[PDB]
Amino acid sequence: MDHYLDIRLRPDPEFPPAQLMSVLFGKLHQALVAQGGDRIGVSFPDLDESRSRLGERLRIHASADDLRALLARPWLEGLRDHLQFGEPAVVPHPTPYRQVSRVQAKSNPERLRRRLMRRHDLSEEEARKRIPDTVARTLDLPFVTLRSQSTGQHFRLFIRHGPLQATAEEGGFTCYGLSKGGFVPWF
Amino acid sequence: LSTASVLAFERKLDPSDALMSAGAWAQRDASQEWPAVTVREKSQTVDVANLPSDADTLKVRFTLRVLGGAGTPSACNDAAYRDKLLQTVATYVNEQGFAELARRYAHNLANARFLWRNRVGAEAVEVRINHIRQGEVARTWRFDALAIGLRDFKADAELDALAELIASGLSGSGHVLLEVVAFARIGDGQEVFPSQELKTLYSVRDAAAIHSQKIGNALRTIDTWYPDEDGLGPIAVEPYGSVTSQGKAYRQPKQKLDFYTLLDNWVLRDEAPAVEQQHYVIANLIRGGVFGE
């Protein structure tokens, strides 16, 4: 994708930057739900995989008309005191490419119990002996804490940046901006 | 002459506990029978409060008492130190009024900063402020709180009249009682953010609410003279002016700009600081607290 926009979280005493990036990713998801499309990607160029931090930057990649459209929408109403804007410009050359993947886990055993007892009509003990409590997977990935609107549930979403490649291939994106085959330029 | 071993100031600008209610927009002038936001439990069991599915407006209501007599301590051992401090605040008041401080307090009243997480992401917030002289209303202010920014202290004629009322209260020339109602437009079925206890939510009797000290912390977010930076904006007035979120302390005592060293230089040694620092230390005396050995 040719054009990128960098929005920086303004340093704020009233909330930590994790909460601002949470609400920014959430309103980003709501704006991408309102526009649709699968050619709109995200990246976080302030990565730090030692302490698993997401930093303070948000880089959204698409075309020119999409970015200049997303500037003038009410998904930036009520937030523009708390973040700074950049300019939609071309990605420089040359840059590597990588992905943004959502990596969940089956770290809750109880959902797997409910699944195995709802499809098979087992008992609690058969589901307990089939899958033990050691199935919980630990993760060292950065995460964003979003809530739900209609049936409200607050969850952390882990973001994984993939390996740096030399060329990018075609592919879509979700409403979260996450990679489904399409890679974002890393710089 | 040295500082007193005990020294205590009662707080001025007493806020109430801000009660939460819900309703639909353009019923804002009929918002007297609006039902309150009920906290409910759901599955670990967490208590959350949401707006009803036919309401998009969260209405918070509290009261504020501006009392005055901000220089006199509530307890003091030394009498000469007390007279020195009283005449020092007297020369501060005779130099300039409470107009800058009441202007900043009226600014923080104008924007809906007391809605902490209920202001972020709201499409439209409006603040109604009633100065209540007798049992009935005596003056009304209406503000678009999205118009007043959280970074700059502007000027407006209604805002200057509100600041003149607050400065008249702080000077002891009259008793000030304000009722602050705020409407926030979030949407249908969205969540609100009341204060949390020691997960449970703060509640007055069958109604979600915010702590009064939370509204008080939001109201004194006027400190724009800390020497580290100023591009972040105002913070709450504190000796060693710090914030719990960032984990860092401005007005560090290594620098000569905390509250205590400023007060010791001004009162004991008569080294009067810069006028913005004078505003800071008088704002800390309005904030109140326990000072001394």
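Per the PDB entry, chain B goes by CRISPR-associated protein Csy3 and derives from Pseudomonas aeruginosa. Its PDB title, taken directly from the record, is "Structure of Csy-AcrIF24-dsDNA".

As recorded in the PDB entry, chain A goes by type I-F CRISPR-associated endoribonuclease Cas6/Csy4 and comes from Pseudomonas aeruginosa.

What follows concerns the overall build of chain B. In terms of regular secondary structure, chain B is built from six helices and 13 strands. Relative to the compact-globule value of 19 Å for 293 residues, chain B shows a C-alpha radius of gyration of 20 Å, a close match. Principal-axis analysis of the C-alpha atoms gives chain B an extent of 65 × 45 × 35 Å.

Now for helix α3 (residues 109-120) of chain A. All names here are of chain A. With 12 residues, α3 ought to run about 16 Å at 1.5 Å a step, and its terminal C-alpha atoms sit 16 Å apart, in line with that. For α3, the N-terminal cap is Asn108; the gap from its side-chain oxygen to the backbone nitrogen of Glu110 is 3.4 Å. Immediately beyond the C-terminal end of α3, within one or two residues, lies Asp121, with a positive phi of roughly 55°.

Bringing the interface of chain A and chain B into the picture now. Taken together, the 15 residues of chain A in the interface contact 20 residues of chain B. Of the residues contributing to the side of chain A that touches chain B, the split by class is five nonpolar, five polar and five charged.

Residues and elements named next belong to chain B. For the pair helix α1 (residues 79-95) and helix α5 (residues 259-267), the least separation of the axes is 10 Å and the interaxial angle reads 95°. Here α5 runs roughly perpendicular to α1, going by the angle between their axes. Listed contacts from α5 to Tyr81, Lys84, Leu85, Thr88 and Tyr92 of α1 are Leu263, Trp266 and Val267. Class assignment of the residues belonging to the contact of α1 with α5 gives a composition of six nonpolar, one polar and one charged.

Residue and element names in this part refer to chain B. For chain B, the domain assignment lists domain 1 (1-10 + 70-97 + 222-293) and domain 2 (11-69 + 98-221). Distance between the C-alpha centres of domain 1 and domain 2: 27 Å. Sorting the residues of the side of domain 1 that touches domain 2 by element identifies α1 and α6 (275-287) as the ones contributing at least two each. In terms of residue count, the dominant contributor to the side of domain 1 that touches domain 2 is α6 (five residues). The residue inventory of the side of domain 1 that touches domain 2, partitioned by class, reads 13 nonpolar, six polar and four charged.

Attention shifts here to the sheet that holds strand β13 (residues 289-291) of chain B. Residue and element names in this part refer to chain B. Taking strand neighbours across the sheet as the criterion, the three strands line up as β7-β1-β13 in an open arrangement whose pairing is antiparallel. Because the sheet does not close on itself, it has two edges, and the strands there are β7 (75-76) and β13. Across two bridges, strand β1 (residues 7-9) lies against β7 in antiparallel orientation. Across the sheet, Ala8 pairs through a bridge with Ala75, a residue of β7.

For the rest of this paragraph, the subject is the packing of aromatic side chains. Using the criterion set out here, one finds 15 aromatic pairs over all chains in the structure. Pairing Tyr260 of chain B with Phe291 of chain B gives two aromatic rings, centres 5.9 Å apart and planes at 75°, and the pair type is edge-to-face. Taken as a pair, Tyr260 of chain B in helix α5 and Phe291 of chain B in strand β13 lie far apart in primary sequence, 31 residues in all. In this structure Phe291 of chain B comes out as buried when scored by relative accessible area, which is 5%. Ring pairs connect the aromatic residues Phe9, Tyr240, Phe259, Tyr260, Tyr280 and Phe291 of chain B, which therefore count as one cluster. Geometry around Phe143 of chain A places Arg156 of chain A over its ring, the cationic atom sitting 3.6 Å from the centre. The ring of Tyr280 of chain B has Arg251 of chain B sitting right over it, with the charged end atom 3.6 Å from the ring centre.

Reading the values: rules and limits
Residues numbered from 1 in each chain as written, not as in the entry; some residues may be left out. Chains lettered and ligands numbered in written order. Part of a larger assembly, values for the part shown. Heavy atoms only, no water. Residues with missing side-chain atoms left out of burial classes, pairs and counts. Helix = DSSP H or I, 4+ residues; strand = E, 2+ residues; numbered from the N terminus. Rg over C-alpha atoms; globule rule 2.2 N^0.38 Å. Expected span 1.5 Å × (residues − 1). Polar contact = N/O pair within 3.5 Å; in protein donor to acceptor, adjacent residues only side chain to side chain. Contact = heavy atoms within 4.5 Å. Nonpolar A, V, L, I, M, F, W, Y, C, P; charged D, E, K, R; others polar. Axes fitted to C-alpha atoms, helices over the stretch in contact; angles between N-to-C directions. Parallel < 35°, antiparallel > 145°, perpendicular 65-115°, else oblique. Domains from an automatic or database assignment. Pairing = 2+ DSSP bridges. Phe/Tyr/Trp six-rings, centres within 6.5 Å; stacked < 30°, edge-to-face > 60°. Buried < 20%, exposed > 50% of the residue type's maximum accessible area, 1.4 Å probe, protein only. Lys NZ or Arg CZ within 6 Å of the ring centre and 35° of its normal.

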